[PDB]
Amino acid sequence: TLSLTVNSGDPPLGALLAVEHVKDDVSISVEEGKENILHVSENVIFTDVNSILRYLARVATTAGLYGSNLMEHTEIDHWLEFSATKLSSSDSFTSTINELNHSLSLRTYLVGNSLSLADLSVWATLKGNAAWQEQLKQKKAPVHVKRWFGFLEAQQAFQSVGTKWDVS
């Protein structure tokens, strides 16, 4: 089947959310470990988080996590890179979070009006960003981002992954 090893000391919440939103469509187990490895088959593994997300989104044609057309696919690519670069730097964070706020002003989900890898990726990255936490507790988080982030966090799949894996 599919097997994901994770770094138990620093879990990839994005990939785990994807495993969570995908488990009803493909058989996949999660193993404790010290790094992230998605074992696809004998000669096939993915080790970087965005590749792991892409692969899971692609084999789970029921969940619709890579969007429903080429343009939504491309938007999801945009957000995957946004979270891995801009949102991972915690450097010029204010400008980066303001870009994210602008994009969410007229959206409920980041892409195509339903949950996608974009949401999982950006959410997971945001949760692990110290500057985001320092913005929330200090009541300075931008309105739309707070609204969208709270929406996802109240979903049962997010609460389940949080409880099991999130190392406070």
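Numbering starts at 1 and runs along the sequence shown.
S.K.: Quick one: say whether 88-96 or 68-76 has the higher mean Cα B-factor in the deposited entry.
M.R.: Stretch with the greater average CA B-factor: 88-96.
S.K.: Could you check which stretch, 6-14 or 20-28, carries the larger mean CA temperature factor in the entry?
M.R.: That would be 20-28.
S.K.: Checking the entry, which one of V49, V122, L104, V44 has the top C-alpha B factor?
M.R.: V44 has the highest C-alpha B-factor of those listed.
S.K.: Looking at the C-alpha B-factor values in the deposited entry, which of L110, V40, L126, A57 comes out highest?
M.R.: Answer, based on the entry's C-alpha B-factors: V40.
S.K.: Lowest, middle or highest third: where is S116 by C-alpha B factor in its chain?
M.R.: For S116, whose C-alpha B-factor we compare with every modelled residue in the chain, the answer is the lowest third.
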